[PDB]
Amino acid sequence: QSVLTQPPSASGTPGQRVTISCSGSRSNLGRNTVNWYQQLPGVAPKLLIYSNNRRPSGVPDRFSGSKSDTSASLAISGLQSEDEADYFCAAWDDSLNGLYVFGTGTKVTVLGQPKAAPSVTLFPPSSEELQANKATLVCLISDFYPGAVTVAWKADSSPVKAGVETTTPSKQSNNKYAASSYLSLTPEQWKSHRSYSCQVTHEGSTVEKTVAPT
Amino acid sequence: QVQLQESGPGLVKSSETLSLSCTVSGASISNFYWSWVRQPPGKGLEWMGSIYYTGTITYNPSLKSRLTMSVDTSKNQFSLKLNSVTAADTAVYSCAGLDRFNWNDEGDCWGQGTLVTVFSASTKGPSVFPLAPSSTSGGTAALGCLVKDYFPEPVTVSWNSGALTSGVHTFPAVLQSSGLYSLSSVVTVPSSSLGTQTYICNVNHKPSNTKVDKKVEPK
């Protein structure tokens, strides 16, 4: 599939209105309608919105959807604990033989404590890993709340295609969250670029660390 | 009235073929683009592919080398086969009837989802690399060990044979698309101790009967 971009985390207190954006492109949202799904652990996604703004029977009216040209939005008014879940937009995309593309997903949290911004540590590949013909960049992310982030990697200033693996956030002893992300490269890729960056997005913050082979 | 029901082994052997079927009731097999999606634990939703009753198929390009889908109109069923599975294919598999051209008025229909776990008796011991402390002031430095490409869980990491406990932070492992795990353990230490104090990570991976001690030194 492709990429519909969503913020990692949307949060509020009880009764507040939360909104979730979805950013796509000409080939998907430009030419097709959008659906919204509510996703709970261990079960199939539940359809909340189809055809941009229509609710299936049984879905309360406090969920509503809107769609622009290549952007879409889901609004959850009267935030309740029961609404805590992951939410995914999705649209057909006219590329290749036809693809159904899900968004990256947005965790909705009813805030149980103040927000907390992530700390980020980035390690370059070790000389001995490079001696074993491999290269791994390590991005460690700690002390954030709510428990969802996006990790994007850059080579110089361009987003990296492949080789990225990222954990789901896990709760620390102090009830904030931690996660980690790994970028796998050949030694040639590592040595041939000027720099690589780990960029972490969380609520109202972005933190980016950069390392260089020289 | 429309009902989709997934069916197939919930526990499957690695390298063998993962098979699931979906039975459709209350709707004609021609009314939808019949589809499979999956969600590995802790990850996002991934569309696997869609099939129409004529046999037209479109597959996620990241799975097309190992995925086949089929439709049996006399049983009102459709099915997926996923070859050469690893732990990376453990996931909630959900079937659905998707409306390609938004021709049906009620939107798509969804099954219940089923968590399928890929089981393997195989093992692989970790590679261990140092995450060296940079060249740190003022105050504290971070150093650690990267424990890469092992299977199955768990591994345990200690520092200086358990004498070093404060400032230690071992991060839960990532499961890579190869089906192997990796994790990092990092300790924060006084910058003033780097030239003098020895720091050794002790990695134990009992399933492979592997142990590694790695001295983590500056540079």
# chains A, B, ... in the order shown; residues from 1 in each chain; ligands from 1
call {"tool": "residues_around", "arguments": {"residues": "residue 79 in chain A", "least_positions_apart": "2", "cutoff": "6 Å", "atoms": "only C-alpha atoms", "output": "JSON, numbers by chain"}}
result
{"A": [14, 15, 16, 77]}
call {"tool": "closest_atom_pairs", "arguments": {"of": "chain A", "to": "chain B", "cutoff": "6 Å", "atoms": "only C-alpha atoms", "output": "JSON lines"}}
result
{"residue": "A:1", "atom": "CA", "partner": "B:60", "partner_atom": "CA", "distance": 5.7}
{"residue": "A:43", "atom": "CA", "partner": "B:113", "partner_atom": "CA", "distance": 5.0}
{"residue": "A:44", "atom": "CA", "partner": "B:113", "partner_atom": "CA", "distance": 4.2}
{"residue": "A:50", "atom": "CA", "partner": "B:107", "partner_atom": "CA", "distance": 5.9}
{"residue": "A:97", "atom": "CA", "partner": "B:58", "partner_atom": "CA", "distance": 5.9}
{"residue": "A:167", "atom": "CA", "partner": "B:174", "partner_atom": "CA", "distance": 5.1}
{"residue": "A:168", "atom": "CA", "partner": "B:42", "partner_atom": "CA", "distance": 5.0}
call {"tool": "atom_distance", "arguments": {"atom1": "CA of residue 194 in chain A", "atom2": "CA of residue 135 in chain A"}}
result
15.1 Å
call {"tool": "select_by_dssp", "arguments": {"residues": "range 85-205 of chain A", "states": "helix (DSSP H, G or I)", "output": "MDAnalysis selection string"}}
result
chainID A and resid 127:131 187:192
call {"tool": "write_last_selection", "arguments": {"atoms": "N, CA and C atoms", "output": "tab-separated table (two decimals), in the first residue's frame"}}
result
chain	number	residue	atom	x	y	z
A	127	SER	N	31.79	0.62	15.31
A	127	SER	CA	32.83	0.23	14.37
A	127	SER	C	32.87	-1.29	14.19
A	128	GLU	N	32.57	-2.05	15.24
A	128	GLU	CA	32.65	-3.50	15.05
A	128	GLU	C	31.46	-4.05	14.28
A	129	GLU	N	30.28	-3.43	14.39
A	129	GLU	CA	29.18	-3.83	13.52
A	129	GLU	C	29.53	-3.59	12.06
A	130	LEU	N	30.03	-2.40	11.75
A	130	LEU	CA	30.54	-2.12	10.41
A	130	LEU	C	31.61	-3.12	10.00
A	131	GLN	N	32.42	-3.59	10.95
A	131	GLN	CA	33.38	-4.62	10.59
A	131	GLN	C	32.71	-5.93	10.25
A	187	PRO	N	26.90	-0.82	5.17
A	187	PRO	CA	27.98	0.12	5.49
A	187	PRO	C	28.18	1.15	4.40
A	188	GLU	N	27.91	0.77	3.15
A	188	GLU	CA	28.08	1.70	2.04
A	188	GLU	C	27.11	2.86	2.17
A	189	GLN	N	25.84	2.56	2.42
A	189	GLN	CA	24.84	3.61	2.62
A	189	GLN	C	25.23	4.53	3.77
A	190	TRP	N	25.63	3.95	4.90
A	190	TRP	CA	26.02	4.77	6.05
A	190	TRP	C	27.18	5.69	5.70
A	191	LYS	N	28.23	5.13	5.11
A	191	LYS	CA	29.43	5.92	4.84
A	191	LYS	C	29.23	6.92	3.71
A	192	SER	N	28.26	6.71	2.83
A	192	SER	CA	28.16	7.52	1.62
A	192	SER	C	27.27	8.76	1.80
call {"tool": "residues_around", "arguments": {"residues": "residue 107 in chain A", "least_positions_apart": "3", "cutoff": "10 Å", "atoms": "only C-alpha atoms", "output": "ChimeraX atom specification"}}
result
/A:6-11,20,38-39,84-88,146-149
call {"tool": "residues_around", "arguments": {"residues": "residue 200 in chain B", "least_positions_apart": "3", "cutoff": "6 Å", "atoms": "only C-alpha atoms", "output": "JSON, numbers by chain"}}
result
{"B": [159, 160, 214, 215, 216]}
call {"tool": "write_last_selection", "arguments": {"atoms": "C-alpha atoms", "output": "PDB file, in the first residue's frame"}}
result
ATOM      1  CA  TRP B 159      25.526  -4.846  33.774  1.00  0.00           C
ATOM      2  CA  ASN B 160      28.755  -5.673  35.630  1.00  0.00           C
ATOM      3  CA  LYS B 214      30.694  -7.192  26.060  1.00  0.00           C
ATOM      4  CA  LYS B 215      32.968  -4.510  27.440  1.00  0.00           C
ATOM      5  CA  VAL B 216      31.684  -1.094  26.340  1.00  0.00           C
TER       6      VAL B 216
END
call {"tool": "atom_distance", "arguments": {"atom1": "CA of residue 25 in chain B", "atom2": "CA of residue 85 in chain B"}}
result
29.8 Å
